[PDB]
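A.B. asks: What follows is a single structure, and I will ask about it in a moment.
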Number of protein chains: 2
Amino acid sequence: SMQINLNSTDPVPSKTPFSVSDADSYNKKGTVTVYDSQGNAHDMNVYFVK
Amino acid sequence: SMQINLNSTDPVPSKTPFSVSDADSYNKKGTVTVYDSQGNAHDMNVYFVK
């Protein structure tokens, strides 16, 4: 679960389309660490774009 | 609510009707910041013209 709050007046990103390398291509980046069957950590990166 | 003081000696502007850009076209300008449902800041300009 990821509870987030977003500012309504944030502008739409100018850099289309979404790119992992380009930070300006997304509004927000977050990270949540999940675990698999053998316990190895996967750093799920979640990108929010308007 | 808006509590303002109005002076009886203020003349009627010569450049009728009211013009937002023309300073001589209005007698008093005030600004009130309100919030909509999502809470964005809206600057209502209230103009008192005799």
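Every chain in the structure tokens has a letter given in the order shown (A, B, ...), and although residue numbers restart at 1 in each chain, ligands are simply numbered from 1 in the order shown.
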If the cut-off is 10 Å, can you tell me the residues of chain A near chain B, counting only C-alpha atoms? I'd like them as a count of residues only.
C.D. replies: 3
A.B. asks: Can you move chain B onto chain A by a least-squares fit over all C-alpha atoms paired in order, then give me the moved copy as a PDB file with C-alpha atoms, in the first residue's frame?
C.D. replies:
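Listing of result_7.pdb after writing:
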ATOM      1  CA  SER B   1      -0.082  -0.145   0.313  1.00  0.00           C
ATOM      2  CA  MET B   2       1.038   3.308  -0.816  1.00  0.00           C
ATOM      3  CA  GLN B   3      -0.403   6.456   0.767  1.00  0.00           C
ATOM      4  CA  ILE B   4       0.880   9.548  -1.060  1.00  0.00           C
ATOM      5  CA  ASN B   5      -0.174  13.195  -1.371  1.00  0.00           C
ATOM      6  CA  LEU B   6      -0.662  14.640  -4.863  1.00  0.00           C
ATOM      7  CA  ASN B   7      -0.665  18.370  -5.597  1.00  0.00           C
ATOM      8  CA  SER B   8      -3.179  19.721  -8.111  1.00  0.00           C
ATOM      9  CA  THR B   9      -0.795  22.450  -9.311  1.00  0.00           C
ATOM     10  CA  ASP B  10       1.850  20.080 -10.693  1.00  0.00           C
ATOM     11  CA  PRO B  11       2.199  20.695 -14.451  1.00  0.00           C
ATOM     12  CA  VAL B  12       2.155  17.988 -17.109  1.00  0.00           C
ATOM     13  CA  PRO B  13       5.763  17.261 -18.173  1.00  0.00           C
ATOM     14  CA  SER B  14       6.792  18.789 -21.492  1.00  0.00           C
ATOM     15  CA  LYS B  15       9.025  15.896 -22.579  1.00  0.00           C
ATOM     16  CA  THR B  16       6.297  13.313 -23.142  1.00  0.00           C
ATOM     17  CA  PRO B  17       6.182  10.391 -22.598  1.00  0.00           C
ATOM     18  CA  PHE B  18       7.485   9.430 -19.143  1.00  0.00           C
ATOM     19  CA  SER B  19      11.274   9.028 -19.014  1.00  0.00           C
ATOM     20  CA  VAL B  20      13.042   7.347 -16.099  1.00  0.00           C
ATOM     21  CA  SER B  21      16.278   9.310 -16.562  1.00  0.00           C
ATOM     22  CA  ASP B  22      14.670  12.707 -17.221  1.00  0.00           C
ATOM     23  CA  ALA B  23      13.733  14.352 -13.923  1.00  0.00           C
ATOM     24  CA  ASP B  24      11.412  16.841 -15.645  1.00  0.00           C
ATOM     25  CA  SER B  25       9.586  13.929 -17.307  1.00  0.00           C
ATOM     26  CA  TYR B  26       7.916  12.728 -14.086  1.00  0.00           C
ATOM     27  CA  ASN B  27       6.062  14.482 -11.281  1.00  0.00           C
ATOM     28  CA  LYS B  28       6.813  12.136  -8.369  1.00  0.00           C
ATOM     29  CA  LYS B  29       9.070   9.127  -7.814  1.00  0.00           C
ATOM     30  CA  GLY B  30       8.843   6.746  -4.871  1.00  0.00           C
ATOM     31  CA  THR B  31      10.668   3.571  -3.909  1.00  0.00           C
ATOM     32  CA  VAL B  32       9.183   0.524  -2.178  1.00  0.00           C
ATOM     33  CA  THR B  33      11.307  -2.460  -1.160  1.00  0.00           C
ATOM     34  CA  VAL B  34       9.499  -5.788  -1.502  1.00  0.00           C
ATOM     35  CA  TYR B  35      10.591  -9.408  -1.130  1.00  0.00           C
ATOM     36  CA  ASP B  36      10.016 -12.350  -3.463  1.00  0.00           C
ATOM     37  CA  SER B  37       9.585 -15.996  -2.443  1.00  0.00           C
ATOM     38  CA  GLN B  38      13.281 -16.383  -1.548  1.00  0.00           C
ATOM     39  CA  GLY B  39      13.323 -12.982   0.161  1.00  0.00           C
ATOM     40  CA  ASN B  40      15.573 -11.002  -2.169  1.00  0.00           C
ATOM     41  CA  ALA B  41      15.119  -7.231  -1.976  1.00  0.00           C
ATOM     42  CA  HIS B  42      13.370  -5.760  -5.031  1.00  0.00           C
ATOM     43  CA  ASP B  43      13.169  -1.960  -5.337  1.00  0.00           C
ATOM     44  CA  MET B  44       9.926  -1.112  -7.137  1.00  0.00           C
ATOM     45  CA  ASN B  45      10.054   2.478  -8.356  1.00  0.00           C
ATOM     46  CA  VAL B  46       6.557   3.967  -8.622  1.00  0.00           C
ATOM     47  CA  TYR B  47       6.172   7.058 -10.806  1.00  0.00           C
ATOM     48  CA  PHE B  48       3.180   9.410 -10.600  1.00  0.00           C
ATOM     49  CA  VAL B  49       2.903  11.661 -13.669  1.00  0.00           C
ATOM     50  CA  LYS B  50      -0.050  14.003 -14.136  1.00  0.00           C
TER      51      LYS B  50
END
